[PDB]
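Asks: Pasting a structure here, questions to come.
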Amino acid sequence: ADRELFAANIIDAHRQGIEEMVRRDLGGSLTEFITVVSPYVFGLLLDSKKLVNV
Amino acid sequence: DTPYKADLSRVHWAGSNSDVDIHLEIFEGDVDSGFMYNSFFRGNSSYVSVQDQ
């Protein structure tokens, strides 16, 4: 129900995949990957208070 | 379907009914295998040699 916790869940799920990618010796090319997000999830990310903070 | 469905001529389809596929694959040279890696911790230890001794 709380939006921030849902955003945190999404971020942890993304982090798990990034860590799995790093283990296959693909960590040296993270600047080539792309993330595609729907408007709903894109709007959920902005609510997190650690990606936008300074 | 079109009227010519039965009298249809075809190329690279064999058999009396023109069903068998005998087309040619287009190969350009791509080869795929495992990823690359390199050593990192080579010089972080002490070295002693016992070659031929």
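Going through the structure tokens in order, the chains are called A, B, and so on, while each chain numbers its residues from 1 and the ligands are numbered from 1 in the order shown.
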Find the residues in chain B near chain A: any atom within 8 Å counts, using only C-alpha atoms. Write them as a ChimeraX atom specification.

Replies: /B:35-37

Asks: Show me, as a list in words, the residues that have an atom within 12 Å of residue 14 in chain A when counting only C-alpha atoms, minus same-chain residues fewer than 6 positions from it.

Replies: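 The contact residues come out as residues 7, 8, 20, 21, 35, 36, 37 and 45 of chain A.
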
Asks: Quick one: pick out all strand (DSSP E or B) residues within range 5-38 of chain B from a backbone DSSP run and write them as a list in words.

Replies: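 Taking range 5-38 of chain B and keeping strand (DSSP E or B) only, one gets residues 13, 14, 20 and 21 of chain B.
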
Asks: What is the distance between CA of residue 3 in chain B and CA of residue 21 in chain B, in Å to one decimal?

Replies: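 Distance reported for this atom pair: 23.1 Å.
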
Asks: Kindly give the distance, in Å, that separates CA of residue 44 in chain A and CA of residue 19 in chain A, rounded to a single decimal.

Replies: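 These atoms are spaced 21.9 Å apart.
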
Asks: Please identify the alpha helix (DSSP H) residues within chain A (assignment by DSSP from backbone atoms) and present them as a PDB file with C-alpha atoms, in the first residue's frame.

Replies:
ATOM      1  CA  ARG A   3       4.494   3.636  -2.402  1.00  0.00           C
ATOM      2  CA  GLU A   4       8.011   4.003  -0.977  1.00  0.00           C
ATOM      3  CA  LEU A   5       8.163   0.370   0.154  1.00  0.00           C
ATOM      4  CA  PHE A   6       6.982  -0.790  -3.277  1.00  0.00           C
ATOM      5  CA  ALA A   7       9.700   1.321  -4.910  1.00  0.00           C
ATOM      6  CA  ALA A   8      12.263  -0.200  -2.540  1.00  0.00           C
ATOM      7  CA  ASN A   9      11.091  -3.685  -3.523  1.00  0.00           C
ATOM      8  CA  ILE A  10      11.469  -2.821  -7.212  1.00  0.00           C
ATOM      9  CA  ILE A  11      14.960  -1.412  -6.638  1.00  0.00           C
ATOM     10  CA  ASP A  12      16.074  -4.531  -4.750  1.00  0.00           C
ATOM     11  CA  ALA A  13      14.722  -6.738  -7.540  1.00  0.00           C
ATOM     12  CA  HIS A  14      16.719  -4.726 -10.088  1.00  0.00           C
ATOM     13  CA  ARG A  15      19.836  -4.925  -7.900  1.00  0.00           C
ATOM     14  CA  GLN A  16      19.616  -8.720  -7.737  1.00  0.00           C
ATOM     15  CA  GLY A  17      19.709  -8.930 -11.531  1.00  0.00           C
ATOM     16  CA  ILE A  18      22.573  -6.446 -11.782  1.00  0.00           C
ATOM     17  CA  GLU A  19      24.576  -8.509  -9.286  1.00  0.00           C
ATOM     18  CA  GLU A  20      23.845 -11.697 -11.241  1.00  0.00           C
ATOM     19  CA  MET A  21      25.052  -9.968 -14.415  1.00  0.00           C
ATOM     20  CA  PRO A  39       5.031   4.865 -17.062  1.00  0.00           C
ATOM     21  CA  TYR A  40       3.678   3.376 -13.829  1.00  0.00           C
ATOM     22  CA  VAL A  41       7.020   1.954 -12.681  1.00  0.00           C
ATOM     23  CA  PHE A  42       8.819   5.048 -13.984  1.00  0.00           C
ATOM     24  CA  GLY A  43       6.604   7.164 -11.739  1.00  0.00           C
ATOM     25  CA  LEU A  44       7.163   4.828  -8.794  1.00  0.00           C
ATOM     26  CA  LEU A  45      10.942   5.338  -8.922  1.00  0.00           C
TER      27      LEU A  45
END

Asks: Give me the residues within 12 Å of residue 10 in chain B as a list in words, counting only C-alpha atoms and dropping any in the same chain fewer than 4 places off.

Replies: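 With the cut-off at 12 Å, the set is residues 4, 5, 6, 14, 15, 16, 17, 18, 19, 20, 21, 22 and 23 of chain B.
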
Asks: Given the selection you just returned, output its residues as a file containing C-alpha atoms, formatted as a PDB file, in the first residue's frame.

Replies:
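For reference, out_36.pdb as written:
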ATOM      1  CA  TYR B   4      -4.049 -19.680 -58.567  1.00  0.00           C
ATOM      2  CA  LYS B   5      -3.457 -21.549 -55.291  1.00  0.00           C
ATOM      3  CA  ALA B   6      -3.269 -24.934 -57.059  1.00  0.00           C
ATOM      4  CA  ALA B  14      10.573 -29.596 -54.186  1.00  0.00           C
ATOM      5  CA  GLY B  15       8.088 -32.442 -54.475  1.00  0.00           C
ATOM      6  CA  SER B  16       5.018 -32.912 -56.616  1.00  0.00           C
ATOM      7  CA  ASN B  17       2.966 -30.584 -54.391  1.00  0.00           C
ATOM      8  CA  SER B  18       5.868 -28.142 -53.826  1.00  0.00           C
ATOM      9  CA  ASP B  19       6.050 -28.602 -50.047  1.00  0.00           C
ATOM     10  CA  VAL B  20       9.622 -29.748 -49.329  1.00  0.00           C
ATOM     11  CA  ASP B  21      11.905 -26.885 -48.290  1.00  0.00           C
ATOM     12  CA  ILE B  22      15.407 -26.943 -49.794  1.00  0.00           C
ATOM     13  CA  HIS B  23      16.347 -23.278 -49.410  1.00  0.00           C
TER      14      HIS B  23
END

Asks: Please indicate the distance in Å from CA of residue 23 in chain A to CA of residue 32 in chain B, rounded to one decimal place.

Replies: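 So the two atoms, CA of residue 23 in chain A and CA of residue 32 in chain B, lie 19.4 Å apart.
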